[PDB]
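This is start08.pdb. It holds PDB, C-alpha atoms and all ligand atoms.
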```
ATOM      1  CA  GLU R   1     -15.571 -10.234 -14.979  1.00  0.00           C
ATOM      2  CA  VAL R   2     -11.846  -9.422 -14.830  1.00  0.00           C
ATOM      3  CA  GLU R   3     -10.297  -6.515 -16.740  1.00  0.00           C
ATOM      4  CA  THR R   4      -6.578  -6.713 -17.539  1.00  0.00           C
ATOM      5  CA  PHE R   5      -4.550  -3.533 -18.082  1.00  0.00           C
ATOM      6  CA  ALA R   6      -1.003  -2.731 -19.134  1.00  0.00           C
ATOM      7  CA  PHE R   7       1.099  -0.518 -16.898  1.00  0.00           C
ATOM      8  CA  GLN R   8       2.363   2.643 -18.520  1.00  0.00           C
ATOM      9  CA  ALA R   9       5.921   1.997 -19.669  1.00  0.00           C
ATOM     10  CA  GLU R  10       7.419   4.274 -17.002  1.00  0.00           C
ATOM     11  CA  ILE R  11       5.574   2.494 -14.180  1.00  0.00           C
ATOM     12  CA  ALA R  12       6.635  -0.895 -15.536  1.00  0.00           C
ATOM     13  CA  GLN R  13      10.202   0.453 -15.544  1.00  0.00           C
ATOM     14  CA  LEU R  14       9.896   1.648 -11.928  1.00  0.00           C
ATOM     15  CA  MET R  15       8.534  -1.738 -10.863  1.00  0.00           C
ATOM     16  CA  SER R  16      11.323  -3.681 -12.585  1.00  0.00           C
ATOM     17  CA  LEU R  17      13.913  -1.384 -10.960  1.00  0.00           C
ATOM     18  CA  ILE R  18      12.408  -2.046  -7.520  1.00  0.00           C
ATOM     19  CA  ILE R  19      12.372  -5.805  -8.114  1.00  0.00           C
ATOM     20  CA  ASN R  20      15.788  -6.186  -9.759  1.00  0.00           C
ATOM     21  CA  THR R  21      18.062  -3.671  -7.995  1.00  0.00           C
ATOM     22  CA  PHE R  22      20.207  -5.119  -5.218  1.00  0.00           C
ATOM     23  CA  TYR R  23      19.150  -3.120  -2.161  1.00  0.00           C
ATOM     24  CA  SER R  24      19.211  -4.596   1.332  1.00  0.00           C
ATOM     25  CA  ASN R  25      17.109  -2.011   3.219  1.00  0.00           C
ATOM     26  CA  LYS R  26      13.772  -3.537   2.204  1.00  0.00           C
ATOM     27  CA  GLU R  27      12.013  -2.767   5.508  1.00  0.00           C
ATOM     28  CA  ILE R  28      11.129   0.758   4.357  1.00  0.00           C
ATOM     29  CA  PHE R  29       8.209  -0.722   2.396  1.00  0.00           C
ATOM     30  CA  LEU R  30       6.167  -0.725   5.596  1.00  0.00           C
ATOM     31  CA  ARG R  31       6.886   2.930   6.395  1.00  0.00           C
ATOM     32  CA  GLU R  32       5.782   3.875   2.879  1.00  0.00           C
ATOM     33  CA  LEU R  33       2.502   1.947   3.047  1.00  0.00           C
ATOM     34  CA  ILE R  34       1.690   3.241   6.531  1.00  0.00           C
ATOM     35  CA  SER R  35       2.424   6.773   5.304  1.00  0.00           C
ATOM     36  CA  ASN R  36       0.056   6.250   2.363  1.00  0.00           C
ATOM     37  CA  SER R  37      -2.619   5.015   4.778  1.00  0.00           C
ATOM     38  CA  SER R  38      -2.058   8.088   6.959  1.00  0.00           C
ATOM     39  CA  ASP R  39      -2.475  10.350   3.915  1.00  0.00           C
ATOM     40  CA  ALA R  40      -5.741   8.589   3.026  1.00  0.00           C
ATOM     41  CA  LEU R  41      -6.985   8.972   6.597  1.00  0.00           C
ATOM     42  CA  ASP R  42      -6.091  12.684   6.528  1.00  0.00           C
ATOM     43  CA  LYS R  43      -8.215  13.112   3.388  1.00  0.00           C
ATOM     44  CA  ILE R  44     -11.397  11.568   4.754  1.00  0.00           C
ATOM     45  CA  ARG R  45     -10.881  13.446   8.025  1.00  0.00           C
ATOM     46  CA  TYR R  46     -10.632  16.773   6.196  1.00  0.00           C
ATOM     47  CA  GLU R  47     -13.728  16.041   4.108  1.00  0.00           C
ATOM     48  CA  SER R  48     -15.681  15.120   7.253  1.00  0.00           C
ATOM     49  CA  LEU R  49     -14.914  18.517   8.818  1.00  0.00           C
ATOM     50  CA  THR R  50     -17.519  20.167   6.573  1.00  0.00           C
ATOM     51  CA  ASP R  51     -19.699  17.110   5.809  1.00  0.00           C
ATOM     52  CA  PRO R  52     -20.000  14.681   8.743  1.00  0.00           C
ATOM     53  CA  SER R  53     -22.079  12.289   6.609  1.00  0.00           C
ATOM     54  CA  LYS R  54     -18.829  11.334   4.865  1.00  0.00           C
ATOM     55  CA  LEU R  55     -18.156   9.164   7.942  1.00  0.00           C
ATOM     56  CA  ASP R  56     -21.483   7.319   7.680  1.00  0.00           C
ATOM     57  CA  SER R  57     -19.400   4.491   6.169  1.00  0.00           C
ATOM     58  CA  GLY R  58     -17.320   4.293   9.354  1.00  0.00           C
ATOM     59  CA  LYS R  59     -16.366   6.732  12.109  1.00  0.00           C
ATOM     60  CA  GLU R  60     -13.135   4.995  13.139  1.00  0.00           C
ATOM     61  CA  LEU R  61      -9.868   6.238  11.602  1.00  0.00           C
ATOM     62  CA  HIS R  62      -7.165   3.607  12.088  1.00  0.00           C
ATOM     63  CA  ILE R  63      -4.490   1.364  10.562  1.00  0.00           C
ATOM     64  CA  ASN R  64      -4.305  -2.395  11.175  1.00  0.00           C
ATOM     65  CA  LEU R  65      -1.323  -4.649  10.407  1.00  0.00           C
ATOM     66  CA  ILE R  66      -2.371  -8.280   9.934  1.00  0.00           C
ATOM     67  CA  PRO R  67       0.273 -10.979   9.420  1.00  0.00           C
ATOM     68  CA  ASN R  68      -0.850 -14.438   8.298  1.00  0.00           C
ATOM     69  CA  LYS R  69       1.851 -17.106   8.292  1.00  0.00           C
ATOM     70  CA  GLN R  70      -0.368 -19.774   6.701  1.00  0.00           C
ATOM     71  CA  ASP R  71      -1.145 -17.596   3.660  1.00  0.00           C
ATOM     72  CA  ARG R  72       2.293 -15.907   3.865  1.00  0.00           C
ATOM     73  CA  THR R  73       0.610 -12.507   3.614  1.00  0.00           C
ATOM     74  CA  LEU R  74       1.020  -9.183   5.391  1.00  0.00           C
ATOM     75  CA  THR R  75      -2.068  -6.986   5.120  1.00  0.00           C
ATOM     76  CA  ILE R  76      -2.132  -3.235   5.815  1.00  0.00           C
ATOM     77  CA  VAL R  77      -5.727  -2.051   6.402  1.00  0.00           C
ATOM     78  CA  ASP R  78      -6.850   1.553   6.777  1.00  0.00           C
ATOM     79  CA  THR R  79     -10.225   3.268   7.032  1.00  0.00           C
ATOM     80  CA  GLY R  80      -9.136   6.207   4.877  1.00  0.00           C
ATOM     81  CA  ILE R  81     -10.871   7.832   1.931  1.00  0.00           C
ATOM     82  CA  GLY R  82     -10.389   4.810  -0.335  1.00  0.00           C
ATOM     83  CA  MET R  83     -10.098   4.860  -4.100  1.00  0.00           C
ATOM     84  CA  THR R  84     -12.572   4.868  -6.960  1.00  0.00           C
ATOM     85  CA  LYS R  85     -12.198   2.419  -9.834  1.00  0.00           C
ATOM     86  CA  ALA R  86     -10.856   5.305 -11.924  1.00  0.00           C
ATOM     87  CA  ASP R  87      -8.238   6.080  -9.259  1.00  0.00           C
ATOM     88  CA  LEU R  88      -7.179   2.425  -9.060  1.00  0.00           C
ATOM     89  CA  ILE R  89      -6.616   2.230 -12.810  1.00  0.00           C
ATOM     90  CA  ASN R  90      -4.829   5.608 -12.805  1.00  0.00           C
ATOM     91  CA  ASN R  91      -1.874   4.254 -10.814  1.00  0.00           C
ATOM     92  CA  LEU R  92      -3.735   3.997  -7.482  1.00  0.00           C
ATOM     93  CA  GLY R  93      -4.271   7.740  -7.151  1.00  0.00           C
ATOM     94  CA  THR R  94      -0.603   8.636  -7.694  1.00  0.00           C
ATOM     95  CA  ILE R  95       1.195  10.908 -10.147  1.00  0.00           C
ATOM     96  CA  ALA R  96       3.301   7.881 -10.984  1.00  0.00           C
ATOM     97  CA  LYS R  97       4.562   9.002 -14.412  1.00  0.00           C
ATOM     98  CA  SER R  98       5.994  12.339 -13.280  1.00  0.00           C
ATOM     99  CA  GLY R  99       6.908  10.879  -9.888  1.00  0.00           C
ATOM    100  CA  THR R 100       8.941   8.080 -11.461  1.00  0.00           C
ATOM    101  CA  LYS R 101      10.700  10.636 -13.671  1.00  0.00           C
ATOM    102  CA  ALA R 102      11.635  12.744 -10.636  1.00  0.00           C
ATOM    103  CA  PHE R 103      12.624   9.645  -8.634  1.00  0.00           C
ATOM    104  CA  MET R 104      15.000   8.339 -11.291  1.00  0.00           C
ATOM    105  CA  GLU R 105      16.640  11.737 -11.800  1.00  0.00           C
ATOM    106  CA  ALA R 106      17.213  11.747  -8.035  1.00  0.00           C
ATOM    107  CA  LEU R 107      18.735   8.256  -8.066  1.00  0.00           C
ATOM    108  CA  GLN R 108      21.370   9.305 -10.584  1.00  0.00           C
ATOM    109  CA  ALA R 109      22.006  12.428  -8.460  1.00  0.00           C
ATOM    110  CA  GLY R 110      22.767  10.631  -5.189  1.00  0.00           C
ATOM    111  CA  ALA R 111      19.430   9.342  -3.885  1.00  0.00           C
ATOM    112  CA  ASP R 112      18.654   5.765  -2.887  1.00  0.00           C
ATOM    113  CA  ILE R 113      15.534   3.625  -3.045  1.00  0.00           C
ATOM    114  CA  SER R 114      14.511   4.492   0.530  1.00  0.00           C
ATOM    115  CA  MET R 115      13.643   8.024  -0.647  1.00  0.00           C
ATOM    116  CA  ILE R 116      10.940   6.715  -3.040  1.00  0.00           C
ATOM    117  CA  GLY R 117       8.132   8.186  -0.922  1.00  0.00           C
ATOM    118  CA  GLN R 118       9.286  11.760  -1.559  1.00  0.00           C
ATOM    119  CA  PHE R 119       8.235  11.280  -5.195  1.00  0.00           C
ATOM    120  CA  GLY R 120       4.686  10.034  -4.621  1.00  0.00           C
ATOM    121  CA  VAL R 121       5.273   6.435  -5.742  1.00  0.00           C
ATOM    122  CA  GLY R 122       5.972   4.844  -2.366  1.00  0.00           C
ATOM    123  CA  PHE R 123       3.200   2.287  -2.904  1.00  0.00           C
ATOM    124  CA  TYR R 124       5.376   0.418  -5.402  1.00  0.00           C
ATOM    125  CA  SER R 125       7.983  -0.262  -2.700  1.00  0.00           C
ATOM    126  CA  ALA R 126       5.621  -3.126  -1.805  1.00  0.00           C
ATOM    127  CA  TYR R 127       7.464  -5.080  -4.511  1.00  0.00           C
ATOM    128  CA  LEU R 128      10.651  -4.987  -2.438  1.00  0.00           C
ATOM    129  CA  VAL R 129       9.065  -7.790  -0.401  1.00  0.00           C
ATOM    130  CA  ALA R 130       5.950  -9.032  -2.265  1.00  0.00           C
ATOM    131  CA  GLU R 131       5.745 -11.293  -5.299  1.00  0.00           C
ATOM    132  CA  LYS R 132       2.100 -10.231  -5.732  1.00  0.00           C
ATOM    133  CA  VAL R 133       0.066  -7.342  -4.306  1.00  0.00           C
ATOM    134  CA  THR R 134      -3.738  -7.209  -3.981  1.00  0.00           C
ATOM    135  CA  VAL R 135      -5.465  -3.887  -3.221  1.00  0.00           C
ATOM    136  CA  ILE R 136      -9.096  -3.987  -2.029  1.00  0.00           C
ATOM    137  CA  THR R 137     -10.659  -0.543  -1.778  1.00  0.00           C
ATOM    138  CA  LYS R 138     -13.992   1.183  -1.134  1.00  0.00           C
ATOM    139  CA  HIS R 139     -14.560   4.902  -1.729  1.00  0.00           C
ATOM    140  CA  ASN R 140     -17.791   6.633  -0.690  1.00  0.00           C
ATOM    141  CA  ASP R 141     -18.517   7.444  -4.357  1.00  0.00           C
ATOM    142  CA  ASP R 142     -17.918   3.984  -5.875  1.00  0.00           C
ATOM    143  CA  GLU R 143     -18.257   0.245  -5.283  1.00  0.00           C
ATOM    144  CA  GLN R 144     -15.704  -2.099  -3.736  1.00  0.00           C
ATOM    145  CA  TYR R 145     -12.941  -3.097  -6.169  1.00  0.00           C
ATOM    146  CA  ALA R 146      -9.924  -5.417  -6.175  1.00  0.00           C
ATOM    147  CA  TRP R 147      -6.675  -4.472  -7.934  1.00  0.00           C
ATOM    148  CA  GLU R 148      -3.948  -7.078  -8.381  1.00  0.00           C
ATOM    149  CA  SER R 149      -0.513  -7.368  -9.954  1.00  0.00           C
ATOM    150  CA  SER R 150       2.445  -9.746  -9.925  1.00  0.00           C
ATOM    151  CA  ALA R 151       4.359  -7.074 -11.905  1.00  0.00           C
ATOM    152  CA  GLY R 152       5.449  -8.340 -15.330  1.00  0.00           C
ATOM    153  CA  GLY R 153       3.757  -5.375 -17.001  1.00  0.00           C
ATOM    154  CA  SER R 154       0.051  -5.879 -16.241  1.00  0.00           C
ATOM    155  CA  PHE R 155      -2.541  -5.498 -13.493  1.00  0.00           C
ATOM    156  CA  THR R 156      -6.154  -6.622 -13.129  1.00  0.00           C
ATOM    157  CA  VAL R 157      -9.247  -4.906 -11.737  1.00  0.00           C
ATOM    158  CA  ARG R 158     -12.498  -6.618 -10.760  1.00  0.00           C
ATOM    159  CA  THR R 159     -15.486  -5.960  -8.554  1.00  0.00           C
ATOM    160  CA  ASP R 160     -14.640  -7.382  -5.138  1.00  0.00           C
ATOM    161  CA  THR R 161     -16.865 -10.267  -4.055  1.00  0.00           C
ATOM    162  CA  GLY R 162     -15.210 -10.565  -0.634  1.00  0.00           C
ATOM    163  CA  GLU R 163     -16.002  -9.064   2.752  1.00  0.00           C
ATOM    164  CA  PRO R 164     -17.585  -5.591   2.627  1.00  0.00           C
ATOM    165  CA  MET R 165     -15.183  -2.935   3.918  1.00  0.00           C
ATOM    166  CA  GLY R 166     -17.364   0.125   4.582  1.00  0.00           C
ATOM    167  CA  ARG R 167     -14.667   2.571   3.471  1.00  0.00           C
ATOM    168  CA  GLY R 168     -10.904   2.443   3.076  1.00  0.00           C
ATOM    169  CA  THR R 169      -8.159   0.347   1.560  1.00  0.00           C
ATOM    170  CA  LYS R 170      -6.585  -3.054   2.200  1.00  0.00           C
ATOM    171  CA  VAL R 171      -3.094  -3.767   0.809  1.00  0.00           C
ATOM    172  CA  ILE R 172      -2.389  -7.517   0.794  1.00  0.00           C
ATOM    173  CA  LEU R 173       1.313  -8.342   0.376  1.00  0.00           C
ATOM    174  CA  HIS R 174       1.895 -11.902  -0.838  1.00  0.00           C
ATOM    175  CA  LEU R 175       5.442 -12.118   0.462  1.00  0.00           C
ATOM    176  CA  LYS R 176       8.437 -13.558  -1.342  1.00  0.00           C
ATOM    177  CA  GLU R 177       9.605 -16.859   0.114  1.00  0.00           C
ATOM    178  CA  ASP R 178      12.753 -15.300   1.628  1.00  0.00           C
ATOM    179  CA  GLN R 179      10.945 -12.262   3.108  1.00  0.00           C
ATOM    180  CA  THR R 180       8.894 -13.993   5.823  1.00  0.00           C
ATOM    181  CA  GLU R 181      10.656 -12.051   8.594  1.00  0.00           C
ATOM    182  CA  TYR R 182       7.997  -9.395   7.956  1.00  0.00           C
ATOM    183  CA  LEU R 183       5.394 -11.789   9.386  1.00  0.00           C
ATOM    184  CA  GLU R 184       7.170 -11.933  12.767  1.00  0.00           C
ATOM    185  CA  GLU R 185       5.605  -9.820  15.516  1.00  0.00           C
ATOM    186  CA  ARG R 186       8.896  -8.573  16.948  1.00  0.00           C
ATOM    187  CA  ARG R 187      10.155  -7.564  13.491  1.00  0.00           C
ATOM    188  CA  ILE R 188       7.010  -5.596  12.596  1.00  0.00           C
ATOM    189  CA  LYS R 189       7.056  -3.929  16.028  1.00  0.00           C
ATOM    190  CA  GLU R 190      10.696  -2.925  15.516  1.00  0.00           C
ATOM    191  CA  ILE R 191       9.978  -1.428  12.089  1.00  0.00           C
ATOM    192  CA  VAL R 192       6.897   0.503  13.231  1.00  0.00           C
ATOM    193  CA  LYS R 193       8.824   1.950  16.184  1.00  0.00           C
ATOM    194  CA  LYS R 194      11.807   2.841  13.979  1.00  0.00           C
ATOM    195  CA  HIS R 195       9.975   4.514  11.087  1.00  0.00           C
ATOM    196  CA  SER R 196       6.319   5.178  12.023  1.00  0.00           C
ATOM    197  CA  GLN R 197       6.398   6.158  15.701  1.00  0.00           C
ATOM    198  CA  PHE R 198       4.714   9.559  15.154  1.00  0.00           C
ATOM    199  CA  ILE R 199       1.885   8.576  12.776  1.00  0.00           C
ATOM    200  CA  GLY R 200      -1.251  10.303  14.044  1.00  0.00           C
ATOM    201  CA  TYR R 201      -3.578   7.286  13.891  1.00  0.00           C
ATOM    202  CA  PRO R 202      -3.716   4.110  16.001  1.00  0.00           C
ATOM    203  CA  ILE R 203      -1.660   1.296  14.476  1.00  0.00           C
ATOM    204  CA  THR R 204      -2.775  -2.102  15.777  1.00  0.00           C
ATOM    205  CA  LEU R 205      -0.507  -5.088  15.135  1.00  0.00           C
ATOM    206  CA  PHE R 206      -2.698  -8.200  15.102  1.00  0.00           C
ATOM    207  CA  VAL R 207      -1.330 -11.416  16.588  1.00  0.00           C
ATOM    208  CA  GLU R 208      -1.794 -14.964  15.326  1.00  0.00           C
ATOM    209  CA  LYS R 209      -2.929 -18.331  16.688  1.00  0.00           C
TER
HETATM  210  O1  LIG W 301      -4.874   3.930   1.552  1.00  0.00           O
HETATM  211  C1  LIG W 301      -3.486   3.969   1.256  1.00  0.00           C
HETATM  212  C2  LIG W 301      -3.188   3.538  -0.158  1.00  0.00           C
HETATM  213  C3  LIG W 301      -3.289   2.198  -0.524  1.00  0.00           C
HETATM  214  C4  LIG W 301      -3.008   1.785  -1.814  1.00  0.00           C
HETATM  215  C5  LIG W 301      -2.611   2.708  -2.754  1.00  0.00           C
HETATM  216  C6  LIG W 301      -2.495   4.045  -2.420  1.00  0.00           C
HETATM  217  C7  LIG W 301      -2.778   4.457  -1.136  1.00  0.00           C
HETATM  218  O2  LIG W 301      -2.650   5.811  -0.800  1.00  0.00           O
HETATM  219  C8  LIG W 301      -3.766   6.642  -0.851  1.00  0.00           C
HETATM  220  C9  LIG W 301      -4.974   6.139  -1.276  1.00  0.00           C
HETATM  221  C10 LIG W 301      -6.073   6.982  -1.317  1.00  0.00           C
HETATM  222  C11 LIG W 301      -5.956   8.301  -0.941  1.00  0.00           C
HETATM  223  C12 LIG W 301      -4.741   8.784  -0.518  1.00  0.00           C
HETATM  224  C13 LIG W 301      -3.630   7.957  -0.470  1.00  0.00           C
END
```

Transcribe the structure of this file into C-alpha cells.
Amino acid sequence: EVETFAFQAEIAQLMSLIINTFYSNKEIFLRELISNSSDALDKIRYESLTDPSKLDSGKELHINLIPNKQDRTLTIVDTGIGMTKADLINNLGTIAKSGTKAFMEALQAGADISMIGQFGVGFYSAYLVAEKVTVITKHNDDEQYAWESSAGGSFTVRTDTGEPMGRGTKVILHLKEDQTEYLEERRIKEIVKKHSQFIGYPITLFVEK
C-alpha cells in the first residue's frame, strides 16, 4: 500500500534549484543532515527530562554514518525523536514553504546554497549528491514509515516492512554516479571534522568489508 503525493509547488521549486544550479561545494549536505539529526536528538532528550519513559524505545542518543559501496548509498542514522506519518507528509517536520521563501530572498541578496540550513530546509540539500532519498522513521506516537523521492515533483509514503528501528530516523542517500567520493572513509572523516566537530552526540563512521 503505497501513497503518492505531490510536493507543494514551492518545495518542488527548491528541489529543482538544488539539483540544477551549478554549485561545487556539495559537501555541506552532510553537515546539514547531521545538524538535523542533532536537533532531533535534542528534542527527545528534552522530552525525556520530564518523562523518562520516552526513552523506553532506546536510551542511546547517537548518530551513525554508514557507507555502502555495493549499493552506492550513504545512510545517516540517528536515535532522535523521529517523525510521525503526518510530519513526514508535511515536509518532514519543516516549515518548508516559508523557509524556501526566506531562502530564495536571501539568495538574491547575496547568500549561497551553503546557507540553506539557516532557513529550516537543510534536509533538501541531500539532493546535491543523491538521485533518490529514502527516509525511514519511527516516532514514539506512530508506526514505522518510509518516505521516498527521486524529486520530479512527487514523493511516496508507505508503512515500512524493513528492520524495526525502535525510535529515530534513517536517511538513505542513493548517490549520483559522480558523487561516490562521499562513500570514502577519508572523505567522510574530513567533512565531519571540518563542519561537525562540535556536535554534542557521538558520530560513528562505519567501515566496510
Ligand atoms: O532526524 C533528522 C531528520 C531526518 C529527516 C528529516 C528531518 C530531520 O530533522 C528532524 C526530524 C525530526 C525532528 C527534528 C528534526

- Near-ligand residues for ligand LIG 301 (chain W), threshold 6 Å, all atoms listed in the file, as a count of residues only: 11

- Query: Which one of R:180, R:84, R:161, R:75 sits closest to residue 142 (chain R) if you count only C-alpha atoms?
  - Reply: R:84

Enumerate, as a tab-separated table (two decimals) with C-alpha atoms, in the frame of the given file, the residues matched when the PyMOL selection byres (((chain R and resi 10) around 10) and not hetatm) is run on the file above.
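Writing the result to selection.tsv gives the following:
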```
chain	number	residue	atom	x	y	z
R	7	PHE	CA	1.10	-0.52	-16.90
R	8	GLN	CA	2.36	2.64	-18.52
R	9	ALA	CA	5.92	2.00	-19.67
R	11	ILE	CA	5.57	2.49	-14.18
R	12	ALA	CA	6.64	-0.90	-15.54
R	13	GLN	CA	10.20	0.45	-15.54
R	14	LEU	CA	9.90	1.65	-11.93
R	15	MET	CA	8.53	-1.74	-10.86
R	16	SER	CA	11.32	-3.68	-12.58
R	96	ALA	CA	3.30	7.88	-10.98
R	97	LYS	CA	4.56	9.00	-14.41
R	98	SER	CA	5.99	12.34	-13.28
R	99	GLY	CA	6.91	10.88	-9.89
R	100	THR	CA	8.94	8.08	-11.46
R	101	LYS	CA	10.70	10.64	-13.67
```

- Between R:130, R:183, R:199, R:135, which is the closest to residue 62 (chain R) once you count only C-alpha atoms? R:199

- Query: Which residues, protein or nucleic acid, reach to within 12 Å of (-8.4, -4.9, -3.6) in the file's coordinates when using all atoms listed in the file, and can you give that as an MDAnalysis selection string?
  - Reply: chainID R and resid 75:77 82:85 88:89 92 132:139 143:149 155:165 168:173

Expected file contents, prior selection, C-alpha atoms, as a PDB file, in the coordinates of the input:
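Output file selection.pdb is given in full below:
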```
ATOM      1  CA  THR R  75      -2.068  -6.986   5.120  1.00  0.00           C
ATOM      2  CA  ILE R  76      -2.132  -3.235   5.815  1.00  0.00           C
ATOM      3  CA  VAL R  77      -5.727  -2.051   6.402  1.00  0.00           C
ATOM      4  CA  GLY R  82     -10.389   4.810  -0.335  1.00  0.00           C
ATOM      5  CA  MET R  83     -10.098   4.860  -4.100  1.00  0.00           C
ATOM      6  CA  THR R  84     -12.572   4.868  -6.960  1.00  0.00           C
ATOM      7  CA  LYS R  85     -12.198   2.419  -9.834  1.00  0.00           C
ATOM      8  CA  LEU R  88      -7.179   2.425  -9.060  1.00  0.00           C
ATOM      9  CA  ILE R  89      -6.616   2.230 -12.810  1.00  0.00           C
ATOM     10  CA  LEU R  92      -3.735   3.997  -7.482  1.00  0.00           C
ATOM     11  CA  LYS R 132       2.100 -10.231  -5.732  1.00  0.00           C
ATOM     12  CA  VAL R 133       0.066  -7.342  -4.306  1.00  0.00           C
ATOM     13  CA  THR R 134      -3.738  -7.209  -3.981  1.00  0.00           C
ATOM     14  CA  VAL R 135      -5.465  -3.887  -3.221  1.00  0.00           C
ATOM     15  CA  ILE R 136      -9.096  -3.987  -2.029  1.00  0.00           C
ATOM     16  CA  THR R 137     -10.659  -0.543  -1.778  1.00  0.00           C
ATOM     17  CA  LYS R 138     -13.992   1.183  -1.134  1.00  0.00           C
ATOM     18  CA  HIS R 139     -14.560   4.902  -1.729  1.00  0.00           C
ATOM     19  CA  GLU R 143     -18.257   0.245  -5.283  1.00  0.00           C
ATOM     20  CA  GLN R 144     -15.704  -2.099  -3.736  1.00  0.00           C
ATOM     21  CA  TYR R 145     -12.941  -3.097  -6.169  1.00  0.00           C
ATOM     22  CA  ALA R 146      -9.924  -5.417  -6.175  1.00  0.00           C
ATOM     23  CA  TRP R 147      -6.675  -4.472  -7.934  1.00  0.00           C
ATOM     24  CA  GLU R 148      -3.948  -7.078  -8.381  1.00  0.00           C
ATOM     25  CA  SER R 149      -0.513  -7.368  -9.954  1.00  0.00           C
ATOM     26  CA  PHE R 155      -2.541  -5.498 -13.493  1.00  0.00           C
ATOM     27  CA  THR R 156      -6.154  -6.622 -13.129  1.00  0.00           C
ATOM     28  CA  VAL R 157      -9.247  -4.906 -11.737  1.00  0.00           C
ATOM     29  CA  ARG R 158     -12.498  -6.618 -10.760  1.00  0.00           C
ATOM     30  CA  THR R 159     -15.486  -5.960  -8.554  1.00  0.00           C
ATOM     31  CA  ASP R 160     -14.640  -7.382  -5.138  1.00  0.00           C
ATOM     32  CA  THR R 161     -16.865 -10.267  -4.055  1.00  0.00           C
ATOM     33  CA  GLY R 162     -15.210 -10.565  -0.634  1.00  0.00           C
ATOM     34  CA  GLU R 163     -16.002  -9.064   2.752  1.00  0.00           C
ATOM     35  CA  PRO R 164     -17.585  -5.591   2.627  1.00  0.00           C
ATOM     36  CA  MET R 165     -15.183  -2.935   3.918  1.00  0.00           C
ATOM     37  CA  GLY R 168     -10.904   2.443   3.076  1.00  0.00           C
ATOM     38  CA  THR R 169      -8.159   0.347   1.560  1.00  0.00           C
ATOM     39  CA  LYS R 170      -6.585  -3.054   2.200  1.00  0.00           C
ATOM     40  CA  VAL R 171      -3.094  -3.767   0.809  1.00  0.00           C
ATOM     41  CA  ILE R 172      -2.389  -7.517   0.794  1.00  0.00           C
ATOM     42  CA  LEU R 173       1.313  -8.342   0.376  1.00  0.00           C
TER      43      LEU R 173
END
```

- Item | Among the residues R:119, R:154, R:196, R:58, the one that comes closest to residue 3 (chain R) [using all atoms listed in the file] | R:154

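Those residues returned by the PyMOL selection byres (((chain R and resi 55) around 10) and not hetatm) for this file are residues 44, 45, 47, 48, 49, 51, 52, 53, 54, 56, 57, 58, 59, 60, 61, 79, 80, 81, 140, 166 and 167 of chain R.
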
Export, as a CSV table (one decimal), in the frame of the given file, the selected residues with C-alpha atoms.
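Printed below is again-v9.csv as written:
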```csv
chain,number,residue,atom,x,y,z
R,44,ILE,CA,-11.4,11.6,4.8
R,45,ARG,CA,-10.9,13.4,8.0
R,47,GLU,CA,-13.7,16.0,4.1
R,48,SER,CA,-15.7,15.1,7.3
R,49,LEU,CA,-14.9,18.5,8.8
R,51,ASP,CA,-19.7,17.1,5.8
R,52,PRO,CA,-20.0,14.7,8.7
R,53,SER,CA,-22.1,12.3,6.6
R,54,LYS,CA,-18.8,11.3,4.9
R,56,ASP,CA,-21.5,7.3,7.7
R,57,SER,CA,-19.4,4.5,6.2
R,58,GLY,CA,-17.3,4.3,9.4
R,59,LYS,CA,-16.4,6.7,12.1
R,60,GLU,CA,-13.1,5.0,13.1
R,61,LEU,CA,-9.9,6.2,11.6
R,79,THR,CA,-10.2,3.3,7.0
R,80,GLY,CA,-9.1,6.2,4.9
R,81,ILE,CA,-10.9,7.8,1.9
R,140,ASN,CA,-17.8,6.6,-0.7
R,166,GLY,CA,-17.4,0.1,4.6
R,167,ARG,CA,-14.7,2.6,3.5
```

- Find the distance between CA of residue 70 (chain R) and CA of residue 150 (chain R) and write it in Å to one decimal.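 Result for CA of residue 70 (chain R) versus CA of residue 150 (chain R): 19.6 Å, one decimal.
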
- Task: Give me the residues within 10 Å of residue 125 (chain R) as a ChimeraX atom specification, counting only C-alpha atoms and dropping any in the same chain fewer than 2 places off.
- Result: /R:14-15,18-19,26-33,113-114,116-117,121-123,127-130

- Task: Find the distance between CA of residue 71 (chain R) and CA of residue 206 (chain R) and write it in Å to one decimal.
- Result: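 The value is 14.9 Å.
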
- Nearest to residue 66 (chain R) among R:78, R:102, R:17, R:141, with distances taken over all atoms listed in the file: which residue is it? R:78

- Item | Å distance separating CA of residue 203 (chain R) from CA of residue 95 (chain R), one decimal place | 26.6 Å

- Query: With only C-alpha atoms as the basis for distance, which of R:112, R:35, R:41, R:68 is at the shortest distance from residue 23 (chain R)?
  - Reply: R:112

May I have the residues at most 7 Å from (4.6, -14.6, 15.8) in the file's coordinates, counting all atoms listed in the file, as a PDB file with C-alpha atoms, keeping the file's coordinate frame?
```pdb
ATOM      1  CA  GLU R 184       7.170 -11.933  12.767  1.00  0.00           C
ATOM      2  CA  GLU R 185       5.605  -9.820  15.516  1.00  0.00           C
ATOM      3  CA  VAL R 207      -1.330 -11.416  16.588  1.00  0.00           C
ATOM      4  CA  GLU R 208      -1.794 -14.964  15.326  1.00  0.00           C
TER       5      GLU R 208
END
```

- Message: Under the rule that all atoms listed in the file are counted, which of R:151, R:174, R:194, R:200 is the nearest residue to residue 20 (chain R)?
- Response: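 Checking each of R:151, R:174, R:194, R:200 against residue 20 (chain R), counting all atoms listed in the file, the winner is R:151.
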